[PDB]
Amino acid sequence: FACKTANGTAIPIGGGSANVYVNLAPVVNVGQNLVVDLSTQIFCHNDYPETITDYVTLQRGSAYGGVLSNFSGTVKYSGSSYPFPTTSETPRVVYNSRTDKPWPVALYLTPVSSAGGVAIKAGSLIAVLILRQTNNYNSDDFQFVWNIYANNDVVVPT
């Protein structure tokens, strides 16, 4: 089991870290959601699907910077939504193919009442998402740590 990103980096068997750079909507209004879709950013596969079934969760999602100070919201993982920043580990998604498969995570972030002007700065860390991979074969339990950065400013109009 290993993963790759839309920025051309990887995390191998056994886990590790990577940076992810996301283009964000430049304007998000109060009462609306900024969508941060990681399924177009992070892709993984199973290295021995003939025998082994891989299981993958979002173990943890944390907010930083302007997201932490100016937004609330949720994370959608494989069709179900949960609070973000996270308060539990999600259910597992099965990876059962050598073919790349997106990691089905998206953040839905809404600006808090006090937000205005530039609410997320270009280049800033917005989130850390921890993917936890196990299987039905051995005792492997690996963390793939995704540091999510904004590629651009996000403004919340007054």
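C-alpha atoms forming the largest set that superposes within 1.5 Å between two forms make up the rigid core. In case it trips you up, residue 1 is the first one in the sequence shown, and so on.
Chemist: Kindly name the stretch, out of 26 to 34 and 53 to 61, whose CA atoms are displaced more from this form in 9 other deposited structures of this protein after the core superposition?
Modeler: Looking at 26 to 34 versus 53 to 61 in 9 other deposited structures of this protein, the farther one turns out to be 26 to 34.
Chemist: Hey, which bit's got the bigger mean C-alpha B factor in the entry, 35 to 43 or 106 to 114?
Modeler: Stretch with the greater average CA B-factor: 106 to 114.
Chemist: With respect to the recorded C-alpha B factors, which stretch has the higher mean value, 20 to 28 or 140 to 148?
Modeler: Higher mean C-alpha B-factor: 20 to 28.
Chemist: Relative to the other modelled residues in the chain, which third contains the C-alpha temperature factor of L68: lowest, middle or highest?
Modeler: CA B-factor rank for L68: highest third.
Chemist: By the record's CA B-factor, is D54 among the lowest, middle or highest third of residues in the chain?
Modeler: It belongs to the lowest third of the chain when residues are ordered by C-alpha B-factor.
Chemist: What third of the chain does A122 rank in for C-alpha temperature factor, lowest, middle or highest?
Modeler: Its C-alpha B-factor, which the entry lists for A122, ranks in the highest third among residues of this chain.
Chemist: Report the third (lowest, middle or highest) to which the CA temperature factor of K101 belongs, ranking only the modelled residues of the same chain.
Modeler: It falls in the middle third of the chain.
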